[PDB]
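If you read the sequences in order, they're chains A and D.
Using PDB author numbering, the letters of the first sequence correspond one by one to residues -1 to 235, 274 to 298, 303 to 334, 342 to 667.
Using PDB author numbering, the letters of the second sequence correspond one by one to residues -1 to 235, 274 to 298, 303 to 334, 342 to 667.
Protein chains: 2
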Amino acid sequence: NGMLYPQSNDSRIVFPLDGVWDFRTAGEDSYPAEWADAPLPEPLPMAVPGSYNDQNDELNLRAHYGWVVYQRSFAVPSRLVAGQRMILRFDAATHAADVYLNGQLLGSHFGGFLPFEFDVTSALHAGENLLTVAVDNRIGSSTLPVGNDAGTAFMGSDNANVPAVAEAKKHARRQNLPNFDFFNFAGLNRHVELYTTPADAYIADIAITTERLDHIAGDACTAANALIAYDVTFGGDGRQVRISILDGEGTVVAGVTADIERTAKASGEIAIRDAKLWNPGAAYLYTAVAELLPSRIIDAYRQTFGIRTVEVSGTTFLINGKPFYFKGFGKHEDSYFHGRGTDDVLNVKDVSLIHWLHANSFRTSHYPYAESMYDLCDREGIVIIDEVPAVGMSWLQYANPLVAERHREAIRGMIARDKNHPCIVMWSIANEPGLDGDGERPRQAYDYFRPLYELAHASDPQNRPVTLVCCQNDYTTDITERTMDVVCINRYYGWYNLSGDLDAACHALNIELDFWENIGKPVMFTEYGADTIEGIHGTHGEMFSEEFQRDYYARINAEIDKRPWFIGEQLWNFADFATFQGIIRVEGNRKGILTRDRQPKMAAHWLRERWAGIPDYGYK
Amino acid sequence: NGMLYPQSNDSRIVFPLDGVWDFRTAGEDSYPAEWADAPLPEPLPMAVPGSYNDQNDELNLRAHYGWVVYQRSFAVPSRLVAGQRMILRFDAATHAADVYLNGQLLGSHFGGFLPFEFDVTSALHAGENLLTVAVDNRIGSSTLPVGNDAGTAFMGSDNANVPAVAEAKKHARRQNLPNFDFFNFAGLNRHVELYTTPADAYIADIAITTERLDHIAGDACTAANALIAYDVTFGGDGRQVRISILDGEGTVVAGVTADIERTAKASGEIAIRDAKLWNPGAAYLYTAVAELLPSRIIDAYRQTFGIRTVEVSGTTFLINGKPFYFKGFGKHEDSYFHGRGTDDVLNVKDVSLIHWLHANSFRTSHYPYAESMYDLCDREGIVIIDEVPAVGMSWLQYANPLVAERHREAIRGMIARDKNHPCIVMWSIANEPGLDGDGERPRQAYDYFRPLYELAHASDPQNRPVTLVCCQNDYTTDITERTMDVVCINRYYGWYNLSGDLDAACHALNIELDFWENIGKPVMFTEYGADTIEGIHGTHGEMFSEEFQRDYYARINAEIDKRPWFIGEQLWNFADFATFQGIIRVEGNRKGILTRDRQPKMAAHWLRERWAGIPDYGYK
Ligand SMILES: O=C(O)[C@H]1CNC[C@@H](O)[C@@H]1O
Ligand SMILES: O=C(O)[C@H]1CNC[C@@H](O)[C@@H]1O
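What follows is the structure in C-alpha cells.
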C-alpha cells in the first residue's frame, strides 16, 4: 500500500531514468511483442517525462488511438545493486501500461495519474538492461476518466438525424471521445526511476497525523502542545525503529524508539511542545526521520509533515480552529509542449502566480497532480483540494463493477500517496457526475457515491473532509451533493445559461443561494467563469471579451459576499488549457484568468485587487 | 408597385436628407407621439444612413429593445417644389417605422430591408420642415426575419431544467432574440431623400427584359441579334413615350416611339443587332432612356440594363447559353461602426476583393442589400442570388397569416425593386426554413413554400430561376428543396457534425451527393465553412485554426469536383460579421475567409489560387 517517494540517503539511492527515450506508435488494440525483446526498429525520440502527443509534428499524435511503445537502455554499477532490493517506479503512465525488462513481463497497471512500481531485483542484470514500456491511451465507458464509446466528445456538436452523418459515423477512424473537457494527453507523463532499499528489512510506508492541538495561539502560529501520531509499516523477512522529529532548522525536538510488531508495524504518539503550526500563507514543516535499528542504521526515510488541524463545524471550515475562506481556482497540469507532462519550472512559476494573485488554494482538477507540486505547496503555504480522475461519470458507470473498482483504487491510491501533506485539506471523490433527475436516478447516484465517501474517510488517517464537485444541475432533485462535508458547486449562470445577462445571472444565483442557505453546510464555488480571448475588448463587454470576464466576477462575487455560510471562491480556471477540438473550444478552454502562457487577463488584475483585501482567516 | 431609384435630370431633382440627425431612445412598446410636433428634447446625434446600435458607447444601444425616434429639419427653395410632385423615400428603416412630417402622420411600414415612400406634396411647406421617424427594432414569432418570443437566440446555450434559471427568465430584461445568426442591427440603415417628378404625368416604373438571343458568339461576347422588351408604367392625370437604347459609349443604337394606353402603360419589343452581351467577368451595360412626350420633354428616366439570358437546362445553369459555374460566397451588409448601414466605400472595396479572389458571384444573405451594390455588380460583372429576409422560419410561422403576408410583400417588393439588374440570375425565397421531419411537417412546409415559388416566378418579367436555401437537414424527409429550380444546400460536414474529421466529413458528403445525383437537378453549395480566428495556427490544423479552414475547403472541393451536376460553390462567409453574443460566437461569426476588416486568412489565399484556375463557363 505504501508508495513513499524515492529517496537517497546513507541506506538508499535513486537512479533516475528520465531523458530522451526511443519510441514507436503501435496499433489500436495491440503492439508487437518482439518490441520488448530487442531494440525498437526505426525509433523516434521521445522525452520523458512528457505527454507524447505534442512532441512530434511529423505525425499527428493528437489523433492517435491505442498503444505506443517506449524503450531505453540503462546500466548501473554492480557494486550498488549488490545485496539491495531494486524497485522500478513509474510516477505516472497515462492511462495503462505493460512494462518489460530484458524481455520479461514485469506487470501492468491501469490508472493514468498515480504511481506504480515493480521489484526488479531478479530481472536486472549487469551491463546494459533493456526497458520497454507499452502505454495505452484508450478511454471509454469503463475507464476513469470516462470516454464515450460513440457519438461525440463532451460538449461537441452533432447533426445526428442526418442519414449521411449516421452512416459516416459507422466507418470513421476510431478516436478517443473524452466525456471530460480536457485533452486526453497520454504517455509517460511523470518521472521514471530505479531505486534501492535494504532487502532484509525496510521501511515501506509512513503516516503522520496531527491528532490534537492544545491551546492554539491567537494568530495560529503555535500551539501550547501538539499531539502527533506516527504509523510506520515495514517490509522484508525484537526489532525497533527510532523516530526523530526535526523542526524547520533541522533541530531534533522529539524522539522515541518504538517496537516493531507483526504487516510489521510500529505506531505511537509524540507530544510536541510549543509546536509551530502550518497555515495557509505561513507554512511551517517538520521532518519525521524513521531509522530502522539493528550504532549503525539499517534503513532510513525522512518524511516531511506539517502540524495543523482541519475541521468542518457548522457552516465554517476551520484550519487550526480559525474560519478559513478559500481564494483560488481549479488548475490543470497543462502546458504547450509538455501536454500533461510534469514540469517543475512551471510548477514553481505557477506557485509564484498564486502568490501574486493573493490566492491561497486550488483544486487538482480533475486528477491527482505530480507529487512535486504538493511538496511545493507544503513549503509555500497553499491549500489543496485533492481530486481523483472520476470525471465524466453517469448512471452507465454506476452499474459497472469494473468502474466501481477503479474508482475505489483511485481513492485509496490518491490518499495513500498524499496523506502526509499538510497542504491537503479536503478530498474530492468526483467531478460533475450525474446526480439529479427523476425516478430512481438520484437514489442510484447516492447509493453509488455514499460508500466512496465512507472509503475516503476510512482511508485518510487525518480524517479530512470529503466532498464531491457538483455540476450545474437541478439542485432540488440531487440528493447526494447536500450530504457531503462541504458543498462544492460548479455554476455558470450568465455563461451557459442566461447568456450575457449578468442581472438575470445574479438573480438566478441568488435563488439557488437561498436554497443552500437552509442546508446548514459550508458551501463554496469550485468553478465559475467565462471563456475570454485576450485582446478582445469592448466598452460594454460581451461574451469572450476581457471586460465581460472581469464584470462576470465582479457581479457574482458581490452576491456571494452577502452569504456568511459561503466559505470559498475557486473559479474556473487558473489558465487556458487544451481540449478536444470542437465548436465551443477556441484553441482549447479559454476560461483561464491567465493565458496558456500564464499572462494575466483584465480579470486577473481585478481578482488580484479583490483577493489582496480578503484575509485567509476571519473574512466571514 | 414601381420603386425606381430617385434620379436627377432636366425634369426631376433629388434632395438628399442624409447627415447627422437628432435621436432619442424610447420605450419597449411605445414612444411619445408629441415628439413629432416640436424638436426632440435633449437629443443625441445619430448619423444617417447607419445602424444606431454602434453609434453610442455611452448607452448600450446593442441592448435596446423597442422604439427609437429620429428627427431632422430641412428646407428647399419654393421655386423647385412649385408645381411638382414631392416624394419622400426611405431606402430602408429597420424593421418598422412611423413617419411624421410637420406633425402629420404620413404612414407606417414594416419590412426592414426594402424601400418605401410617401407623397408629401401636401404636407410640405415653405421654410423649415420637421421630419420625425420612429423606428421599431422588435422581432418575434411574427416578423421576418424571425425572432424568438422566449428562450434563447439562435444556437444559444441554456440549462432550462435548473429551477433558478426558469424563474430568472420570467423577470429578465426584455431583449430581441434573433432566430438567425446575425446581429439585429436597427435604424435608418439606408439613405433618405426627397425627390420630385412632374405632377400631371410621370414615369412610374420601367421593366426591361431580354426576350431572345439569336446566333450567340462562341465566346458569348455578342449575339447576331437580341430581342429586348420594355414595359413602362405612368402615373398622373393619345400620349407617347420615346424609348432610346444607348450603348456603353452613349451612342443611340435603337429607338422606338410607343403609344401610352390605359393603367397607363407602354410596352413593346426592340431588336438590337450585334448586341453586346452581359457576362460574369465581362460586364456590358446599355441604357434605356424613356422620355414622355407632349420638341419639349415632359419627363425622363434613364434605366441601366444588360442583355443576357438565364436558363436552367437539366443539370446545367446557362447564361447566354453557356454552362456557368458559381464561385463565391454568402455576404452580409456588416462592418465595424456602420453595422448594417450602407457604405459605398466598403461596397467598392468588397467588389475589388471579389475580383482579387477570382470569385464571380455572391448571395445577398439574408435580406436584400442596398440598391447601390447591385448597380456596382452590374458594372463589375459579378452575378447575384437575390434573397428575401425570410430567415429563422419554421412551422410556427407557416400557420401565421401576418407572416405569410410579410413574406409575400418581401418577395414582390424585392423583385419589383431589382428586376432590371442583369447581375441577378436567381431569386431565393428563404434561408434555412424548417422543411423535414415526420408526420405532416414536410407537407406543411411544401404547402407554405410552393405558392411563394410560384409568386416569385410570376413577379419577375425575366422569369429567372427560383430557389430556397436549405439548411443541413434530413434530406430524405424534406420534400420541398428538391422541387426548386436549382438545389441550393448549406452543409457543415466536419464542422457542426463529425467535428474535425475531414475523412468522415467527405464520406458523409459523398453519401448525400449520391442522393442528389438521383434527383437530377443542378445542385450548388450556398454555404459551407469553419470558424477561424486569424493568427491561430497549427502544423495539423484543428478547428478555429487558419490551416483547418484551408484544409476544409481543400477536401470538400475535391469531392464536388467529381460531380458534373454540381454547378457552384458559394462558401460561408466572405467576411467575419457581428452576431448576438453566445458561447459559439467569438466576437461574432468567424467563418469569414476574410476578417471583419477584410484581410485575407490562409484559406482566402488558397481559394484565390483555386478560383484563378476555374473558368466562369465550361468548367463542367
Ligand atoms: O465547461 C467548462 O468550462 C468546465 C465545466 N466544468 C468541468 C470543467 O472540466 C469544464 O472545463
Ligand atoms: O452557422 C452558421 O455559421 C451559418 C449557418 N447558416 C445560416 C447562416 O446565417 C449562419 O451564419
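A virtual CB, placed ideally from N, CA and C, is assigned to each residue, including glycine.
So what's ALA162(A) in DSSP terms, helix, strand or just coil? helix
Which value, in whole angstroms, describes the spacing of the CA atoms of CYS553(A) and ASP598(A)? 12 Å
Selection from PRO161(A), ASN537(A), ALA605(A) that minimises the alpha carbon distance to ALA577(A): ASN537(A)
Quick check: what's the CA-CA separation for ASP433(A) versus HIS504(A)? 13 Å
Determine the closest residue to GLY660(A) out of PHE364(A), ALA406(A), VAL438(A), with distance taken between C-alpha atoms. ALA406(A)
Is the CB-CB distance between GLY388(A) and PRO143(A) below 8 Å? no
Contact set between the region 136 to 162 of chain A and chain D, restricted to residues whose Cβ is under 7 Å from the partner: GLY154, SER155, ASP156, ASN157, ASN159, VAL160, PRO161, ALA162
Compile a chain-ordered list of the residues in the region 170 to 186 of chain A whose CB is closer than 8 Å to at least one CB of chain D. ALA170, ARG171, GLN173
Where the alpha helix (DSSP H) through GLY460(A) begins and ends: 448 to 465
In this structure, what does DSSP give as the bridge partners for residue 687(D)? Lying outside -1 to 667, the shown extent of chain D, residue 687(D) is not represented and no answer is given.
Could you give the first and the last residue of the continuous beta strand (DSSP E) run that contains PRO14(A)? 12 to 14
To the nearest whole angstrom, what separates the beta carbons of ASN620(A) and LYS378(A), a pair I think is in contact under 8 Å? 7 Å
Cβ atoms of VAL359(D) and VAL570(D): under 8 Å apart, would you say? no
Reduced DSSP category for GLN350(D) - H, G, I as helix; E, B as strand; rest coil: strand
Please go through the same chain and pick out, in chain order, the residues whose beta-carbon is closer than 6 Å to the beta-carbon of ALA227(D), but skip the five residues on each side of it. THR207, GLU209, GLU309
Is the beta carbon of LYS648(A) closer than 8 Å to that of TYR372(A)? no
Using C-beta distances below 7 Å, list every residue in its chain close to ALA184(D), excluding the 5 sequence neighbours before and after it, in chain order. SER49, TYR50, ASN51, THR92, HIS93, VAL133, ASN135
For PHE72(D): DSSP bridge partner residues: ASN127(D)
Candidates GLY547(A), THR523(A), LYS374(A), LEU515(A): which alpha carbon is nearest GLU656(A)'s? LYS374(A)
Opening and closing residue of the alpha helix (DSSP H) in which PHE595(A) lies: 593 to 607
Could you list which residues in chain A have their beta carbon closer than 7 Å to that of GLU589(D), in chain order? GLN628
Going along the chain, which residues of its own chain have a beta-carbon closer than 6 Å to the beta-carbon of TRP542(A), five neighbours each way excluded? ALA577
What number of angstroms, rounded off, separates the C-alpha of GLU427(A) from the C-alpha of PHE384(A)? 26 Å
Beta-carbon neighbours of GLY486(D), restricted to chain A and to distances below 8 Å: Ordered by position in chain A, no residue passes the 8 Å Cβ test against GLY486(D), which lies about 14 Å from the chain.
Residues of its chain near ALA492(A), where Cβ-Cβ distance is below 6 Å and the 5 sequence neighbours each way are ignored: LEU482, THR527
Excluding five sequence neighbours on each side, which residues of the same chain lie with their C-beta closer than 6 Å to the C-beta of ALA215(A)? none
Spell out the partners DSSP gives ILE471(D) in its beta bridges. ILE431(D)
Do we get a CB-CB distance below 8 Å when we pair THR195(D) with the residues of chain A? no
Closer than 7 Å at the beta carbon, the chain A residues around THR523(D): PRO161
Boundaries of the alpha helix (DSSP H) in which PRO196(D) is found, first to last residue: Segment 190 to 196 is the beta strand (DSSP E) holding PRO196(D); no alpha helix (DSSP H) there.
Is any heavy atom of ligand 1 found at a distance shorter than 7 Å from the C-beta of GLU418(D)? no
According to the Cβ coordinates, are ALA294(D) and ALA221(D) closer than 8 Å? no
How far does the beta strand (DSSP E) with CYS535(A) in it extend, from its first residue to its last? 534 to 537
Count the other C-beta atoms from every protein chain shown that fall within 10 angstroms of the C-beta of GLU40(D), then say buried if there are 16 or more, exposed otherwise. exposed
Does the pairing of the region 68 to 79 of chain A with the region 155 to 174 of chain A give three or more beta-carbon distances under 8 Å? no
Does the beta carbon of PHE180(D) fall short of 7 Å from some heavy atom of ligand 2? yes
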